[PDB]
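Down below is the structure, laid out as structure tokens.
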Amino acid sequence: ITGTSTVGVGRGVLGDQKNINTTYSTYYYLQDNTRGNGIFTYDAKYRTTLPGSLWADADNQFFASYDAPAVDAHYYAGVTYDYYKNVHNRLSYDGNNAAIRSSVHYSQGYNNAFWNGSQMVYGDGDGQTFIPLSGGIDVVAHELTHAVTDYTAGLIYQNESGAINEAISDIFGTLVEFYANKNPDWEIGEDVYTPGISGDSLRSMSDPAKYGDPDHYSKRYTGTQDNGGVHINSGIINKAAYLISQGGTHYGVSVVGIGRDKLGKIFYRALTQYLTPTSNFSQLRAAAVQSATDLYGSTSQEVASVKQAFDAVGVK
Ligand SMILES: [Ca+2]
Ligand SMILES: [Ca+2]
Ligand SMILES: [Ca+2]
Ligand SMILES: [Ca+2]
Ligand SMILES: [Zn+2]
């Protein structure tokens, strides 16, 4: 809507206070006009109809429990937009400042969040397995990254191409978590997963096997469940990414870490310049090697580490 840009204050899912960009026009709306064509957050009111109603508040103060998921979805979408703009010089997910829209309070006790090709959607969780999913910055960045992939490589959500699609979202979800410096780690969804159990997460990039996911190509899932194991086989790529950044010895193969910044540059270039809708793991390796070559030279340590990382997880 048309109005005056202002700043409100509220508390997120984890109880932390933060300032959020809003728009004033009779009511204060969760509409951030400071980033691209705007960031809009909607209330799905426990229904499944999308997007719902643009979030309206009477006093620009968001401290009600019902407000929490909206505050975080709105705020973290902004942080993610900043990451892509400041680090990769990319304006929003389409590269042309497309408006970012998110709906919270989707359905009842919904233990999931997703990008539906047009917007982000967040469930509130059942309170046991998950608390409102927008409370996790790696979750929000994971979803917005799916939008980036859709407008670039367009990786099909099935089999190996889908596993890469998933890994890319976990990789950048984690890089954004580090960017915001919010208790960063290489785990996925730890802030909103199982509130009654500390120390766990949905997936782990440092050790995918901790939760039963494969950490080597020889252990890849070949069934039909989960669209061919897109959330399972992503562990093979996540481990490779972790090794490239942090280094280590995996299955007898030693990798010299080159850091998170370079990991981000290498994968962003691979995603935007070399990957295609049907790319498989072997092609991702080639794309990553070529990207590192473009940026640091064929005889660089960076290229060496990328090769070692993929060798470590058995991807030739
Ligand atoms: Ca209020
Ligand atoms: Ca964390
Ligand atoms: Ca995390
Ligand atoms: Ca937990
Ligand atoms: Zn995903």
Side-chain angles (χ1 to χ4, degrees), residues 10 12-13 18 20-22 29-55 62 66-85 90-108 110-125 130-152 154-155 157 162 165-166 168-177 179-180 182 188-189 191-193 202 230-231:
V13 178
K18 61 239 294 176
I20 45 178
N21 294 299
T22 57
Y29 295 85
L30 287 185
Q31 177 181 311
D32 177 0
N33 305 304
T34 70
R35 300 178 166 93
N37 291 322
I39 292 181
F40 304 76
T41 301
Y42 302 74
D43 184 6
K45 315 172 182 183
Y46 305 136
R47 308 286 298 189
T48 49
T49 293
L50 297 170
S53 307
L54 188 61
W55 199 288
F62 306 74
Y66 193 75
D67 305 335
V71 170
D72 282 340
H74 197 65
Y75 185 92
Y76 292 140
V79 176
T80 304
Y81 172 101
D82 291 349
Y83 170 77
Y84 277 108
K85 178 176 178 297
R90 187 186 187 77
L91 299 178
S92 195
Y93 56 83
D94 71 335
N96 193 43
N97 272 153
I100 296 171
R101 304 177 194 287
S102 306
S103 295
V104 297
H105 292 309
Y106 175 81
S107 197
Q108 305 187 192
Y110 191 63
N111 291 314
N112 193 53
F114 57 95
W115 163 257
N116 80 344
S118 302
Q119 65 165 103
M120 292 180 280
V121 182
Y122 299 96
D124 286 322
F130 282 107
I131 56 178
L133 286 87
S134 55
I137 189 169
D138 52 4
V139 175
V140 175
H142 175 105
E143 305 311 340
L144 197 50
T145 294
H146 274 308
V148 175
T149 295
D150 275 2
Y151 279 80
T152 54
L155 294 159
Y157 211 63
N165 188 316
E166 268 303 301
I168 292 298
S169 279
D170 283 345
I171 293 173
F172 285 104
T174 290
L175 292 183
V176 169
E177 185 171 306
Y179 174 72
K182 169 202 171 193
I188 303 296
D191 293 330
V192 296
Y193 189 60
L202 187 61
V230 299
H231 296 94

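Just so you know, these numbers use all the heavy atoms, side chains as well, and skip hydrogens, waters and symmetry mates. Throughout, numbering of the chain's residues begins at 1 and tracks the sequence.
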Only counting residues at least two apart or in another chain, list the ones meeting side chain to side chain donor-acceptor pair (under 3.5 Å) with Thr80.
none
Kindly write out the residues that satisfy salt bridge (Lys or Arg N to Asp or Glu O under 4.0 Å) with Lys18, not counting sequence neighbours, or none if the list is empty.
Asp16, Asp72
Using a 3.5 Å distance criterion without hydrogens, assess whether the side chain of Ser92 forms a donor-acceptor pair with backbone atoms of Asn97.
no
Taking all atoms of both residues into account, what is the closest heavy-atom pair of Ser102 and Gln119, and its distance?
C-NE2, 4.1 Å
May I ask you to decide if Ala73's main-chain N or O and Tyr122's side chain share a donor-acceptor pair within less than 3.5 Å?
no
Listed partners of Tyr193 passing side chain to side chain donor-acceptor pair (under 3.5 Å), at least two apart:
none
Output all residues satisfying side chain to side chain donor-acceptor pair (under 3.5 Å) with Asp94, sequence neighbours left out; order by chain, then residue number.
none
Is the closest side-chain donor-acceptor distance between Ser134 and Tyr75 under 3.5 Å?
no
Mind checking salt bridge (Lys or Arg N to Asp or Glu O under 4.0 Å) for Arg35 and listing every partner two or more places apart, or none if nothing turns up?
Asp32, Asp82
Not counting sequence neighbours, which residues clear ring-ring contact (aromatic ring centres under 6.0 Å, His included) with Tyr42? List them please.
none
Taking only residues two or more places apart in sequence, or in another chain, which ones meet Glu177 in a salt bridge (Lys or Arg N to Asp or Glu O under 4.0 Å)?
none
Run the side chain to side chain donor-acceptor pair (under 3.5 Å) test against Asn165 and tell me which residues pass, sequence neighbours left out.
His146
Which residues share a ring-ring contact (aromatic ring centres under 6.0 Å, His included) with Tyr179, sequence neighbours left out:
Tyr83
What is the ring orientation for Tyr151 with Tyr93, classed by angle as parallel under 30°, tilted 30 to 60°, or perpendicular over 60°?
tilted
Do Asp43 side-chain atoms and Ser53 backbone N/O form a donor-acceptor pair below 3.5 Å?
no
Using the ring-ring contact (aromatic ring centres under 6.0 Å, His included) criterion, which residues pair with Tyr110? Sequence neighbours excluded.
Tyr106
Salt bridge (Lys or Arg N to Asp or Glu O under 4.0 Å) partners of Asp191, counting only residues at least two apart:
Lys182
Who passes ring-ring contact (aromatic ring centres under 6.0 Å, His included) against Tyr66, sequence neighbours left out?
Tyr46, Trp55, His105
